[PDB]
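Participant: This is the structure I want to talk about, given as structure tokens.
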Amino acid sequence: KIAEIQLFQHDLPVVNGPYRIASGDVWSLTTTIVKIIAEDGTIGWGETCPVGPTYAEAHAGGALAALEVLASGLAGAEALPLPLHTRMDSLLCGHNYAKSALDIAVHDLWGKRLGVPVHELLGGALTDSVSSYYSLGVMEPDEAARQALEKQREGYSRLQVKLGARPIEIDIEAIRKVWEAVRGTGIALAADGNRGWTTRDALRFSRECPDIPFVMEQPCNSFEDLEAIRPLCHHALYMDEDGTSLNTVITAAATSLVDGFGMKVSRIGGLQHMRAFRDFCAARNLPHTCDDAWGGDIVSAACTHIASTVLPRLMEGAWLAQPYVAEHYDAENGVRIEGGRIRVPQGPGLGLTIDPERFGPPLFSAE
Amino acid sequence: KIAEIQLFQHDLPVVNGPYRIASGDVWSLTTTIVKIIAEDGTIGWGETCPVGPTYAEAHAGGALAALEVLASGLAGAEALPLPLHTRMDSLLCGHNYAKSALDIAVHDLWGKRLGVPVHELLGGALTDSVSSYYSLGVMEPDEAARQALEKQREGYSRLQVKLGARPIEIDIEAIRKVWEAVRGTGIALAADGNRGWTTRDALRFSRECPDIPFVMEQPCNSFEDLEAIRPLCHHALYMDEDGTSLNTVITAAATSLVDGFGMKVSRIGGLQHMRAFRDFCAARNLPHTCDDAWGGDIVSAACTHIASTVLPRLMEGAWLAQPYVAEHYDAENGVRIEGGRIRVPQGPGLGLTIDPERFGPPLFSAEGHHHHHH
Amino acid sequence: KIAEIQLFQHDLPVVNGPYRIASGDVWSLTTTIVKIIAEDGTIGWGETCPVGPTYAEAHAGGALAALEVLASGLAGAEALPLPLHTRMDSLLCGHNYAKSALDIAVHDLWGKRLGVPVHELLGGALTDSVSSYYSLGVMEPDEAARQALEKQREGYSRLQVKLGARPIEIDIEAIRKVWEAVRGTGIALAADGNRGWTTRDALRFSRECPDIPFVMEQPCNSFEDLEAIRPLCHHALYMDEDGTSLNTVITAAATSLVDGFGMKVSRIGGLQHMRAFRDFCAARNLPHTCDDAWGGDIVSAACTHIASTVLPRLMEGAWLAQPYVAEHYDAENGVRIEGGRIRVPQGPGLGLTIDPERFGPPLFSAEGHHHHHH
Amino acid sequence: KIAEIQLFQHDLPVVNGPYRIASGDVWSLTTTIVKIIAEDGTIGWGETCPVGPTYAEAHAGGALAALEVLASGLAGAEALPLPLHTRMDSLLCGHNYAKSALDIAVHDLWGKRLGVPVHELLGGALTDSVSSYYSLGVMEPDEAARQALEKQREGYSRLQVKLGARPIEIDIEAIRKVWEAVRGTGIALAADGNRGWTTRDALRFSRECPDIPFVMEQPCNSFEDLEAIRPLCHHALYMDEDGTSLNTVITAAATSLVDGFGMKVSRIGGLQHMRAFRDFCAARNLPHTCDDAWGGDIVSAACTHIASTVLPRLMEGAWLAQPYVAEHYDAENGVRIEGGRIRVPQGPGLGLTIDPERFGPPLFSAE
Amino acid sequence: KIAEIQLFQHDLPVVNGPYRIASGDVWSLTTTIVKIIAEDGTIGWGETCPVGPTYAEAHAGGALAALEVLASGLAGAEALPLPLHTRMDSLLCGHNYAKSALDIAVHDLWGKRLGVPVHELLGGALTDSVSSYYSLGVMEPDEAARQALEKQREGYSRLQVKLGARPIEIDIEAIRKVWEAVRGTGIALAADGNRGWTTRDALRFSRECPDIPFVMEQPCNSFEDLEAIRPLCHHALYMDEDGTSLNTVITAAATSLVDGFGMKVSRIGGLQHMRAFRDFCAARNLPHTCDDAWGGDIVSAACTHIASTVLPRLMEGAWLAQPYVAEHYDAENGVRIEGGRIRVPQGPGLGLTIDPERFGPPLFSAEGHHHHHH
Ligand SMILES: [Mg+2]
Ligand SMILES: [Mg+2]
Ligand SMILES: [Mg+2]
Ligand SMILES: [Mg+2]
Ligand SMILES: [Mg+2]
Ligand SMILES: [Mg+2]
Ligand SMILES: [Mg+2]
Ligand SMILES: [Mg+2]
Ligand SMILES: [Mg+2]
Ligand SMILES: [Mg+2]
């Protein structure tokens, strides 16, 4: 049973920032960290870190406020996923990104109690290393082409080119220059509009580039706009920002609106829901990423554990903010991308050993 | 231009509570108040008050947290609706219920500057008084039928019966008993499932009651569930909780998914978006309410002003929390439901005079590029 | 790691048989049992038992033949769900009902290794006891109404009336008589057509009985037939036999073809897929059962463990063959329906202790890269 | 009336194997042979041979087990197609591939009794020779191009290129190299994904190759995925693996989901159902093949007889495993591909004379 | 090989006529008979007989004209179904009702050559006797109810009530009176609108009679009209006149437009196409009849042979003109309805022996590449 919950926040400056996105650039991020303490004194860590306040319907102050409400009613709840989510949903409607942090912490605590990695609790890892993909922030076409080649040479299996908040002509220039730089290396390519394109411009982006094998990731602002362009674009379409619940995913998958997903653990509400999402995609043969918005070692561990349980043929990559984060929470064991790939942790829980005072005194504590 | 913004919270205990909802009951509510101060010293007031944390994706602590972000980036902005919303959207994605409070305050400030009521700024009132509807919490069928007749007798033109969080047969019993009590009085009837029914049970509710003239208000948990039952229910269907943006409303109206709406000002993001919603419903001949989740005189004034601008034949009623709120913010001018109807305010702005210290010291304030946690 | 796999078959005569189904009656059943032995000597048990050879695309000889293929390729594999299913799918396409038995055994082994009940591995039980439903075989209308009241009186929360293989007017007579016997008791009612009705007759069944609150469970023979009647029937529609994979379930739920499911663990391919199914139904607010075709304590334990993890408002009941099965495999711990409900096991794994020789010598065994026909 | 049923199995090593398919490669196949004996002592032969256990929901041990159940309840049934299927369906739900073998045997027995070829019983042959198509197993792009030209020169009217279980880039390379080798010869081309492609990759396959006139055969894993790509691919789409019943075919044909079919006799449940399938396709002007999964002379004869009754303009070819099978069951008369074409048998029944002991003693016999 | 083809016409006055149809009444009918003679002297007989010139796109003079074209191009062709239809389609587009007669004759010849009944060539009879249905012409409601009971008492398993060419209220009166007379007897009921109803009136017919278990057979004039009413009628809908080819049937079955068919052998183009139709309906679990427009023993034998091959639960009945036909072509073996059922013939071919001069001298004959108008 959960005995105590502590909340903290921590600044994560963007190494070589800003990191530039159609829906809003970021210079520094404020992560929200949860520590759950069981009646036996063992602890589990969780984390949620929105990519600033305009990427999605989520912000650092919102995480903390929601987590205060959740934490205030969670003492005595069983530290297992279904009992946890049952209690959380009785306390607060929605706020998946906040609930995610407590879900992560429960999986950490559960794995530590049973002496198994989180990937075991999620059904069993299929691999001991996972692929990643690199995200090029919005930048000059020439710089994107340069960095694309560089990251291919580092060993990334896939590259995501962020686009938008500028004329579509320049986005098309950027994707052509990137493709010219990396064609024949076999690296996979995603064009991410981050909700930034009118249907007018998304139609043009696809029409002009039949022989560039990108997938279009969330080109347009709404689910309905994805529906508008779907029958008129011969390139694959992925959902990202619109995938705000398992219910909405089921609507998209069942109607074959999309060919795949960028999926964030916090958006969907934690590992409990991410594992259902994984199983949905496996049933439907839909590729997907295993990401979160941002974060340090705790988020990185959560993504890596779930990524390890995905059929490699469907796993498009686990993106991590790690390259943009200066300091590990666990200096020796924190997950890191090496050669464009990530080693799966094999110790109990998330595989982290973080000093209970790593983040200073709690901002809030319940029980 | 906005010179300063102050945020407050205030407790509103429910008069004769609790107020019982299928998605979660409420005993007492924390409202979040905004005061905007113009460079010239004039003030405008706004308010947002979720009905606890489980009724919608909204809570009092979330209102405050979002308003801190918004307030921190608003000094210097023009107190006009479109400039305001452009700025707010650049500072924070979504959180309509928080943005609503600043929108209301801006409309108050703007009306006071020009010397006209908010209803004028919204295009002009079509009436000096508006209809309301009474919402029966979930309660025993027999208690429901009694209270239904009582409220019809008070003069309410419409009754909403809250249902759910119990077997469907009890909901059907309750709607039948209510109908038996009020049939022949001409009172309009809504059956509010509060997102609480499976499609199984929504189908049964309609199927068993062809001769009871309810509309089914948000019977099921999702937009997709509304789509499922729509072709299979011969009773009118209204959207409420799922109407989370103008975009989503346009998707529903354009596809004729629904025959009307329960609409809350906070959910849609303030009066600027409510006025667009009104115009969309007028174009589509779709009836709607003009409500909010909860609140005192500031929210009630906002709802009444927009309600006054709706063609009465399409205005299903402005529901107010006022009967459940113990104290007015403005004892002279605060809106009250009288005989099931509401008199439209005629002063400048929202038509309220509220002491600048009515809610105590601020919790938070922003002036220029600085902010202060008090 | 899996060291050895043994296969057995065992006869289960129907207590007071036959058990009468529209797609084919059953007098006695041959169950197929799997025992997995870990390198450390711990054992896990699984089971699959078709209701004869005509109820589904499944039969006892087919279970054994498929398990021989699967078992022959499984030594050395990790006894974890995802590794197991990846391996099984590489050895044999489809045959979910066979794969289910190995899935169950793996969950038993895994729970025993970690010292926790299967319901914990499935995310955590939400309850210490689960509801059940009673299934009335096809029988005279008058016998049906009598037995319906009898089973309501025992405490069952739900009754399934099997129908078909006779004129539709007799099915309608039977559902009306049953309803007249139990109406007012609050017991839920399902009308199971067992794939046996033409669309002609399904339309009539619903059309004639608007005030009888049944759900129609798999009235017709195909997915396409469900699609045909869906827009024309105002009663809820549930899928059963057509739910042959998670993919197909997603097609049905996503298009709102159905309002719920009868689901069998063997049909969907084991607990790993049942847990996904549960999560899909939770996301879509779709009620479902947690059943299997037939079986003894191993199947019954599997169903009860998954059932314990479902929100009670969406769990239509865990049907067990247990009342029709003469003998327990584990006399101490084998699950029994008591007062129409089932106590959730709390021991490690499935919560069973079954003698390694309970089913006699193996018919087949695999260890490493060798197999043996006994 | 049927007096006795005997079951046998027989090994068929793949000549120059393995034979390589996206859904699973095969090195040797185990066929299941049925002999029905009438009350007058005359016999009919049937056969079913899954292409290993992961191609479809079918396997050699499953055939035998199902056939045991069927055989155990078939004594006394009339040896005519509708009475047979009526009895079989009363004994066992589904298992079309098993039922197929008994159906074939009944057509053989029926033709022998009446002294007419099976093609007469199926409505009358329209031709005395039929076209075939050759199936290139998954192989290197260069090797495929080489073998494609070779098989065109042998006289095949159509070539099927098996693809998948590798990056789509290589599949596209393979089809372009094949097309470069055979363009202008007029040979028809099919690209068979064998369920191996995500919708992402099937969209790309078509988009990149508008001027290569392939049909895409079962590119994706499910019926729903075929539905997803149909409005977004300007190449013709054929169903193969998803055509598991006449009911499902009717859904696909009636909704114009597909432009044609790869159809296997065993999948659809025998010649009785294949002849209905033929008539459906004729009504809808949909081309189709006349195939089975694998097998020796008995299967080959069944395919050839039904193929002979198809309007040549709609008959895409009868594929036979015969080139991969070392030994005929009937050395003198077993059907064989010659010059890419197959001579239609003209004797009674299937046109086979097989020693009653050709396969050794029965594994099982009923009555 | 076909050596010679002879064509005849013969008058069939309606016994106790006229026979009244919404699309046009009939007093007497001209049948068109084909005799095919094989190179070896064996003969096969076929027949086609429209119900006058306004019931369908077909008439006796058109049958003869089309048969002259077909016959002129058929000498030397193999008397097997697929070779025949390939040849016929190369000579003349459409005219199924004419082609049917040659198809029937070929099946007769083929059966006689092999020494087996036509039902064997069609895959094997599943029964030694088949059900029939009686068709009540349009008549006063009271006369309809009387005759309905009379025919139920004779043993008919199903009754078709012809309707239309009068106000819909009279049709509704008639179906209600009929139902009141036969309800409780278990007799199946079809309401045949004969293409005669506007969608307005079809909607009313169904709407007013939810508790009368008719199927609506071809209520409206077009395929599009069936599509219009389908989503708005809770009674089963059957296609008849619109089922003009296998292609069109596949369009209807595949889209679940209908729940069954009235099917005529001549309309679909003969037994080869009827057998395909049967197999399509079996795959889709769609009930159907096995009828033809009119005719004597040759048509009746054809219908009975195909009917014998249909699963009895899907065979709604083989309607025959036989009760309205004064004279048999074969007095010994001609099929007769007895107790509402028909005994399946068991001789070779159609099971008929008809004198080669039964219909007088030929009107037309073809041998080799020559033809003769007599
Ligand atoms: Mg993205
Ligand atoms: Mg005025
Ligand atoms: Mg509401
Ligand atoms: Mg417990
Ligand atoms: Mg209706
Ligand atoms: Mg069932
Ligand atoms: Mg195009
Ligand atoms: Mg293929
Ligand atoms: Mg016979
Ligand atoms: Mg008719």
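Our numbering is plain: 1 for the first residue shown, then up by one each step along the chain.
Header entry for method reads X-ray crystallography, 1.7 Å.
Here the Cβ of each residue, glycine as well, is placed from N, Cα and C on the backbone.
As annotated by Swiss-Prot, active site, proton donor/acceptor applies to B:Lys162, B:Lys264, with the evidence given as similarity to another entry. Marked as substrate binding site by Swiss-Prot: B:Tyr55, B:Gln160, B:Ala293. Marked as Mg(2+) binding site by Swiss-Prot: B:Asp192, B:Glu217, B:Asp240.
What the PDB entry records for B:367-374 is cloning artifact.
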Participant: For the cloning artifact (B:367-374), what are the same-chain contacts with Cβ under 8 Å, counting residues 6+ beyond its ends?
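Facilitator: Result: 3-5, 68, 71-72, 75-76, 361.
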Participant: What are the non-local neighbours of B:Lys162 (active site, proton donor/acceptor), defined as same-chain residues 6+ apart in sequence with CB under 8 A from its CB?
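Facilitator: The answer is B:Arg20, B:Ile21, B:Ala22, B:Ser135, B:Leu136, B:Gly137, B:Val138, B:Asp192, B:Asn194.
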Participant: When you rank B:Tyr55, B:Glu217, B:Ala293 by Cα distance to B:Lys264 (active site, proton donor/acceptor), which of the binding-site residues ends up on top as the closest?
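Facilitator: Closest candidate to B:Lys264 (active site, proton donor/acceptor), judged by Cα separation, is B:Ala293.
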Participant: Chain C sits near which of the recorded positions B:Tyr55, B:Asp192, B:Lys264, B:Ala293, counting only a Cβ gap under 8 Å?
Facilitator: none
Participant: Taking the center of the Cβ atoms of B:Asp192, B:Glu217, B:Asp240 at the recorded Mg(2+) site, which other residues in this chain have a Cβ no more than 8 Å from that point?
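Facilitator: Sorted by sequence, the hits are B:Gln160, B:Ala190, B:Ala191, B:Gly193, B:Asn194, B:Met216, B:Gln218, B:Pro219, B:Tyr238, B:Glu241, B:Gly262.
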Participant: Would you mind listing, in sequence order, any of the recorded positions B:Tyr55, B:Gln160, B:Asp192, B:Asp240, B:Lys264, B:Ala293 that have a CB less than 8 A from a CB of chain A?
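Facilitator: Of B:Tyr55, B:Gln160, B:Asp192, B:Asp240, B:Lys264, B:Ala293, the entries that lie near chain A are B:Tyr55.
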Participant: Can you give me the residues near the recorded substrate site, meaning same chain, not B:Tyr55, B:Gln160, B:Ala293 themselves, Cβ no more than 8 Å from the center of the site's Cβ atoms?
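Facilitator: Sorted by sequence, the hits are B:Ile21, B:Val51, B:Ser135, B:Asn194, B:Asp240, B:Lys264, B:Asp291, B:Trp294.
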Participant: Excluding near sequence neighbours, so keeping only residues 6 or more apart in the same chain, what lies with its CB under 8 A of B:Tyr55 (substrate binding site)?
Facilitator: B:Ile21, B:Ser23, B:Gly24, B:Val26, B:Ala293
Participant: In sequence order, which residues at least six apart in the same chain have a CB under 8 Å from the CB of B:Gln160 (substrate binding site)?
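Facilitator: Residues satisfying the criterion: B:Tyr133, B:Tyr134, B:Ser135, B:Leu136, B:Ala190, B:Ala191, B:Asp192, B:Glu217, B:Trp319.
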Participant: Would you mind listing, in sequence order, the residues at least six apart from B:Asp240 (Mg(2+) binding site) in the same chain with a Cβ closer than 8 Å to its Cβ?
Facilitator: B:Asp192, B:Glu217, B:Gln218, B:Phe261, B:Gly262, B:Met263, B:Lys264
Participant: Rounding to the nearest whole angstrom, report the longest C-alpha distance spanning B:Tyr55, B:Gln160, B:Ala293, listed for substrate.
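Facilitator: Taking every pair of listed residues, the largest Cα separation comes to 17 Å.
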Participant: Taking helix as H, G and I and strand as E and B in DSSP, count the residues of the cloning artifact (B:367-374) in helix, strand and coil.
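Facilitator: Counting residues by DSSP class gives 0 helix, 5 strand, 3 coil.
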Participant: Relative to the Cβ position of B:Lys264 (active site, proton donor/acceptor), how many further Cβ atoms are located within 10 Å?
Facilitator: 27
Participant: As a check: which entries in B:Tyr55, B:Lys162, B:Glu217, B:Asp240, B:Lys264, the recorded positions, place their Cβ less than 6 Å from an atom of ligand 3?
Facilitator: B:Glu217, B:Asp240
Participant: Across all chains shown, how many C-beta atoms besides its own are within 10 angstroms of the C-beta of B:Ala293 (substrate binding site)?
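Facilitator: Within a 10 Å radius of the Cβ of B:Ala293 (substrate binding site) lie 23 other Cβ atoms.
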